[PDB]
Amino acid sequence: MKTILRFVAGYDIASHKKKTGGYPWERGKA
């Protein structure tokens, strides 16, 4: 239905696991 789902599906898991970098898609300038 939405390939993007597979992406966000990980965020919900990263929020509990650990967070240290910035953004789920924006790791840096590029």
# chains A, B, ... in the order shown; residues from 1 in each chain; ligands from 1
$ residues_around --residues "residue 24 in chain A" --least-positions-apart "5" --cutoff "10 Å" --atoms "only C-alpha atoms" --output "compact mmCIF listing (two decimals) with N, CA, C and O atoms, in the first residue's frame"
# COMPACT_ATOMS: atom_id res chain seq x y z
N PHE A 7 9.50 2.12 6.25
CA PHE A 7 10.44 3.07 6.84
C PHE A 7 9.99 3.49 8.23
O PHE A 7 10.68 3.28 9.22
N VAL A 8 8.81 4.10 8.30
CA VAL A 8 8.25 4.56 9.57
C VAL A 8 8.12 3.41 10.56
O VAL A 8 8.21 3.61 11.77
N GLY A 10 10.11 1.38 11.34
CA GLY A 10 11.33 1.26 12.12
C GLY A 10 11.46 2.35 13.17
O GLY A 10 11.99 2.11 14.25
N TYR A 11 10.98 3.54 12.84
CA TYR A 11 11.05 4.67 13.76
C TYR A 11 10.42 4.32 15.11
O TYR A 11 11.01 4.53 16.16
N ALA A 14 12.81 2.47 16.91
CA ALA A 14 14.01 3.22 17.27
C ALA A 14 13.74 4.16 18.44
O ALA A 14 14.66 4.52 19.18
N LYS A 19 18.05 6.59 20.65
CA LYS A 19 18.04 7.73 19.73
C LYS A 19 19.29 8.58 19.90
O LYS A 19 19.51 9.17 20.96
$ select_by_dssp --residues "chain A" --states "alpha helix (DSSP H)" --output "MDAnalysis selection string"
chainID A and resid 4:17
$ write_last_selection --atoms "C-alpha atoms" --output "JSON list (two decimals), in the first residue's frame"
[["chain", "number", "residue", "atom", "x", "y", "z"],
["A", 4, "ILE", "CA", 7.06, 4.41, 3.12],
["A", 5, "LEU", "CA", 5.38, 2.29, 5.80],
["A", 6, "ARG", "CA", 8.40, -0.02, 5.96],
["A", 7, "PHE", "CA", 10.44, 3.07, 6.84],
["A", 8, "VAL", "CA", 8.25, 4.56, 9.57],
["A", 9, "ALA", "CA", 7.76, 1.03, 10.87],
["A", 10, "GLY", "CA", 11.33, 1.26, 12.12],
["A", 11, "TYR", "CA", 11.05, 4.67, 13.76],
["A", 12, "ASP", "CA", 8.49, 3.39, 16.27],
["A", 13, "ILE", "CA", 11.09, 0.78, 17.19],
["A", 14, "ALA", "CA", 14.01, 3.22, 17.27],
["A", 15, "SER", "CA", 12.10, 5.46, 19.67],
["A", 16, "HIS", "CA", 12.22, 2.69, 22.28],
["A", 17, "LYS", "CA", 15.59, 1.17, 21.40]]
$ decode --residues "range 2-30 of chain A" --atoms "N, CA and C atoms" --output "mmCIF file, in the first residue's frame"
data_model
loop_
_atom_site.group_PDB
_atom_site.id
_atom_site.type_symbol
_atom_site.label_atom_id
_atom_site.label_comp_id
_atom_site.auth_asym_id
_atom_site.auth_seq_id
_atom_site.Cartn_x
_atom_site.Cartn_y
_atom_site.Cartn_z
ATOM 1 N N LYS A 2 1.916 1.246 0.814
ATOM 2 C CA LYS A 2 2.823 2.385 0.907
ATOM 3 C C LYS A 2 4.209 1.939 1.363
ATOM 4 N N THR A 3 5.152 1.904 0.426
ATOM 5 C CA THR A 3 6.517 1.496 0.730
ATOM 6 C C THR A 3 7.087 2.307 1.889
ATOM 7 N N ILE A 4 6.595 3.531 2.047
ATOM 8 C CA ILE A 4 7.055 4.406 3.118
ATOM 9 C C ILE A 4 6.769 3.797 4.487
ATOM 10 N N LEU A 5 5.755 2.940 4.547
ATOM 11 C CA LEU A 5 5.379 2.286 5.796
ATOM 12 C C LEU A 5 6.555 1.512 6.380
ATOM 13 N N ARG A 6 7.252 0.770 5.526
ATOM 14 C CA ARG A 6 8.400 -0.018 5.958
ATOM 15 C C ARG A 6 9.429 0.861 6.662
ATOM 16 N N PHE A 7 9.501 2.124 6.252
ATOM 17 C CA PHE A 7 10.444 3.066 6.842
ATOM 18 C C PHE A 7 9.986 3.495 8.233
ATOM 19 N N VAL A 8 8.806 4.105 8.299
ATOM 20 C CA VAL A 8 8.253 4.565 9.567
ATOM 21 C C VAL A 8 8.116 3.412 10.557
ATOM 22 N N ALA A 9 7.901 2.211 10.031
ATOM 23 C CA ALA A 9 7.756 1.026 10.868
ATOM 24 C C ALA A 9 8.973 0.835 11.765
ATOM 25 N N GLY A 10 10.108 1.383 11.340
ATOM 26 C CA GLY A 10 11.328 1.260 12.118
ATOM 27 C C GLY A 10 11.460 2.347 13.165
ATOM 28 N N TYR A 11 10.975 3.541 12.840
ATOM 29 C CA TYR A 11 11.045 4.670 13.761
ATOM 30 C C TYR A 11 10.415 4.318 15.105
ATOM 31 N N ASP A 12 9.203 3.777 15.058
ATOM 32 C CA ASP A 12 8.489 3.393 16.269
ATOM 33 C C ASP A 12 9.340 2.463 17.129
ATOM 34 N N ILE A 13 10.220 1.706 16.482
ATOM 35 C CA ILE A 13 11.092 0.776 17.187
ATOM 36 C C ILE A 13 12.360 1.472 17.671
ATOM 37 N N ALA A 14 12.809 2.468 16.914
ATOM 38 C CA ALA A 14 14.009 3.216 17.268
ATOM 39 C C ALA A 14 13.742 4.158 18.438
ATOM 40 N N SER A 15 12.484 4.556 18.597
ATOM 41 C CA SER A 15 12.099 5.460 19.675
ATOM 42 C C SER A 15 12.253 4.783 21.034
ATOM 43 N N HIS A 16 12.101 3.462 21.050
ATOM 44 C CA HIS A 16 12.223 2.694 22.283
ATOM 45 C C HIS A 16 13.646 2.172 22.459
ATOM 46 N N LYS A 17 14.234 1.694 21.369
ATOM 47 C CA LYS A 17 15.593 1.165 21.401
ATOM 48 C C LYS A 17 16.581 2.231 21.862
ATOM 49 N N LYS A 18 16.856 3.194 20.989
ATOM 50 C CA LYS A 18 17.782 4.275 21.307
ATOM 51 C C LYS A 18 17.729 5.367 20.244
ATOM 52 N N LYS A 19 18.047 6.593 20.645
ATOM 53 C CA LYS A 19 18.038 7.726 19.726
ATOM 54 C C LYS A 19 19.293 8.577 19.900
ATOM 55 N N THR A 20 20.117 8.629 18.858
ATOM 56 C CA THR A 20 21.348 9.406 18.896
ATOM 57 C C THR A 20 21.869 9.680 17.490
ATOM 58 N N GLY A 21 21.457 10.808 16.920
ATOM 59 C CA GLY A 21 21.894 11.167 15.583
ATOM 60 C C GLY A 21 21.229 12.430 15.076
ATOM 61 N N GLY A 22 19.904 12.477 15.166
ATOM 62 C CA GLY A 22 19.169 13.642 14.707
ATOM 63 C C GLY A 22 17.809 13.285 14.142
ATOM 64 N N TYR A 23 17.777 12.929 12.862
ATOM 65 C CA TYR A 23 16.530 12.566 12.200
ATOM 66 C C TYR A 23 16.619 11.168 11.598
ATOM 67 N N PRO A 24 15.455 10.531 11.409
ATOM 68 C CA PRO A 24 15.373 9.183 10.838
ATOM 69 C C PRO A 24 15.739 9.156 9.359
ATOM 70 N N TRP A 25 15.522 10.277 8.681
ATOM 71 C CA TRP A 25 15.830 10.382 7.259
ATOM 72 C C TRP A 25 16.940 11.399 7.015
ATOM 73 N N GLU A 26 17.011 12.409 7.877
ATOM 74 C CA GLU A 26 18.027 13.447 7.754
ATOM 75 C C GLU A 26 19.171 13.209 8.736
ATOM 76 N N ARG A 27 20.143 12.404 8.320
ATOM 77 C CA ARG A 27 21.291 12.094 9.162
ATOM 78 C C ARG A 27 22.302 13.237 9.146
ATOM 79 N N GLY A 28 22.316 13.993 8.053
ATOM 80 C CA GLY A 28 23.239 15.108 7.934
ATOM 81 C C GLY A 28 22.787 16.125 6.904
ATOM 82 N N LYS A 29 23.734 16.636 6.126
ATOM 83 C CA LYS A 29 23.430 17.625 5.098
ATOM 84 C C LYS A 29 22.823 16.960 3.867
ATOM 85 N N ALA A 30 23.288 15.753 3.560
ATOM 86 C CA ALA A 30 22.789 15.011 2.411
ATOM 87 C C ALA A 30 22.254 13.645 2.830
#
